[PDB]
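Peer 1: Quick one: this structure, given as structure tokens, is what I'll be asking you about.
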Amino acid sequence: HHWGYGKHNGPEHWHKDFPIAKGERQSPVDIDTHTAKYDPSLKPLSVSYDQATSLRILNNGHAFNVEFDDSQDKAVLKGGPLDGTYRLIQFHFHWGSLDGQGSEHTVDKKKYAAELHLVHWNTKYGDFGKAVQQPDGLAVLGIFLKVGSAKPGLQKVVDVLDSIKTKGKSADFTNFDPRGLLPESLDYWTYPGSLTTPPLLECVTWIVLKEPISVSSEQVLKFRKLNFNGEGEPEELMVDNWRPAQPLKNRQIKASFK
Ligand SMILES: NS(=O)(=O)c1ccc(Cl)s1
Ligand code: NA
Ligand code: NA
Ligand SMILES: [Zn+2]
């Protein structure tokens, strides 16, 4: 037994090994757009990715991670709701078996085909491992994907997936520019939450962009050819690797835009 996204190990089972799954600040949530309040004290988001150094791409049996050098302030997120500098460590996606599902956050109950998470840690805590012991340790930039026209800046990711088909495979992945994954607008919603995979730690300031990016049907079809299993094991397609919306509890979602 190990956690996953199947009938016997999926989100309804996670609380048995990770009791915080039933906690007070779990993610994702539904973003009810009429209940979210504009906050004039929020700042524009500052995304500084010009000096990013990607290193490697890894199939971890749950998703694929594109990893970055986080030993200096090379790719950072400031401003917005944040009171510090947050360094990019990795990005990954969640996606569906069908175009009508796959996102973790929803917007007025609408599901997108996929969701991109750019994961950053607060530099005042020194390393990612210490940051995930803190209530303000992480900031995750979430971006919705809809199916339509292709996203050119995603294609290098699509094309390497053949070399990391199965759990545990990694490949060199240098000189990837994450600026190619952003929409035009940086307008956002924000709320306090958690990692959406075990260990489900309640360390995250979520920043979810209002504008989706559009990717082609062929791009998301290639995500769906990945495998949850290892090489030489029975093939189980890596699809529907999303957690559903969780109770909002005593939280307020704020909007950067009126
Ligand atoms: N899915 S997420 O909350 O971005 C996340 C899961 C594990 C991480 Cl490390 S970051
Ligand atoms: Na509100
Ligand atoms: Na270094
Ligand atoms: Zn995620």
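Here the sequence shown is numbered in the UniProt record's numbering, starting from 3 and rising by one per residue.
Note that the Cβ used here is the ideal one computed from N, Cα and C, for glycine as well.
Is there contact between the segment 198-217 and the segment 142-156, where contact requires at least three CB pairs shorter than 8 Å?
Peer 2: Contact between the segment 198-217 and the segment 142-156 is present, because at least three Cβ pairs lie under 8 Å.
Peer 1: Which residue from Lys251, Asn252, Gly195 puts its Cα closest to that of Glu106?
Peer 2: Numbered from its first residue, the sequence shown carries residue 106 at position 104. Ranking the options by Cα distance to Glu106, first place goes to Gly195.
Peer 1: Skipping 5 residues on each side, what residues in its chain have a beta carbon closer than 8 Å to that of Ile255?
Peer 2: By one-based count along the sequence shown, residue 255 stands at place 253. Cβ neighbours of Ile255 beyond the five flanking positions: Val31, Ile33, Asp34, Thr37, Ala38, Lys39, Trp191, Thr192, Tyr193.
Peer 1: Quick one: using the 10 Å Cβ neighbour count with 16 as the cut-off for buried, is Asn177 buried or exposed?
Peer 2: Stepping through the sequence shown from its first residue, residue 177 is reached at position 175. Per the 10 Å Cβ criterion, exposed.
Peer 1: Kindly indicate which residue of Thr207, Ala257, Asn252 has the alpha-carbon position closest to the one of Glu26.
Peer 2: Residue mapping note: residue 26 aligns to position 24 of the sequence shown, counting from 1. For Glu26, the nearest C-alpha among the options comes from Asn252.
Peer 1: Going by DSSP, what residue range makes up the alpha helix (DSSP H) through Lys158?
Peer 2: Residue mapping note: residue 158 aligns to position 156 of the sequence shown, counting from 1. Here the alpha helix (DSSP H) through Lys158 covers 157-162.
Peer 1: Three-state secondary structure (DSSP) at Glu220?
Peer 2: To locate residue 220, count along the sequence shown from 1; it is residue 218. Reduced to three states, the DSSP call for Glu220 is helix.
Peer 1: Could you tell me the distance, in whole angstroms, from the CA atom of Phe70 to the CA atom of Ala141?
Peer 2: Indexing the sequence shown from 1 puts residue 70 at position 68. Indexing the sequence shown from 1 puts residue 141 at position 139. Cα-Cα distance, rounded: 15 Å.
Peer 1: To which residues of the same chain is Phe20 closer than 6 Å at the C-beta, ignoring the five residues directly before and after it?
Peer 2: Numbered from 1 along the sequence shown, position 18 holds the residue referred to as residue 20. The residues are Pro200, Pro201, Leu202.
Peer 1: Using a Cβ-Cβ cut-off of 7 Å (strictly less than) and excluding sequence neighbours within five positions of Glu238, which residues of its own chain qualify?
Peer 2: For the purposes of this step, residue 238 is taken as residue 236 along the sequence shown, with counting starting at 1. Within the same chain, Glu238 has close Cβ partners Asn229, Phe230, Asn231.
Peer 1: Which word fits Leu223, buried or exposed, when buried means at least 16 other C-beta atoms lie within 10 angstroms of its C-beta?
Peer 2: Within the sequence shown, the letter at position 221 stands for residue 223. So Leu223 counts as exposed.
Peer 1: So what's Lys171 in DSSP terms, helix, strand or just coil?
Peer 2: Walking along the sequence shown from the start, residue 171 turns up at place 169. DSSP places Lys171 in coil when its eight states are reduced to three.
Peer 1: On the DSSP bridge list, what partners appear for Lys76?
Peer 2: What you label residue 76 is simply residue 74 of the sequence shown in a count that begins at 1. None; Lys76 has no bridge partner.
Peer 1: Using the beta carbon as the reference atom, which residues fall closer than 6 Å to any heavy atom of ligand 4, ordered along the chain?
Peer 2: Answer in sequence order: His94, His96, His119, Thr198.
Peer 1: Is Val159 a contact residue of ligand 1, with contact defined as CB to any heavy atom under 7 Å?
Peer 2: As a working note, residue 159 is residue 157 in the sequence shown. Not so, every heavy atom of ligand 1 lies at least 7 Å from the Cβ.
Peer 1: Pairing CB atoms from the segment 110-119 with CB atoms from the segment 76-88, are three or more of them under 8 Å?
Peer 2: With the cut-off at 8 Å, the segment 110-119 and the segment 76-88 do not touch.
Peer 1: In this structure, does DSSP put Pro21 in helix, strand or coil?
Peer 2: On the sequence shown, residue 21 is found 19 positions in, with the first residue counted as 1. Here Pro21 sits in helix by DSSP.
Peer 1: Sort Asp72, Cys205, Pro236 by Cα distance to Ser29 and report the nearest one.
Peer 2: Within the sequence shown, residue 29 is the residue found at index 27, counting from 1. Here the closest residue by C-alpha is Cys205.
Peer 1: Please classify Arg181: is it buried, with 16 or more other beta-carbons within 10 angstroms of its beta-carbon, or exposed?
Peer 2: For the purposes of this step, residue 181 is identified with residue 179 of the sequence shown, where counting begins at 1. Exposed, by the Cβ-count rule.
Peer 1: CB of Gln136 to nearest heavy atom of ligand 2: below 7 Å?
Peer 2: Residue 136 sits at position 134 when you count from the first residue of the sequence shown. No, ligand 2 has no heavy atom inside 7 Å of this Cβ.
Peer 1: Locate the alpha helix (DSSP H) running through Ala133, then write down its first and last residues.
Peer 2: Within the sequence shown, the letter at position 131 stands for residue 133. Run containing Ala133: 130-133, per the alpha helix (DSSP H) assignment.
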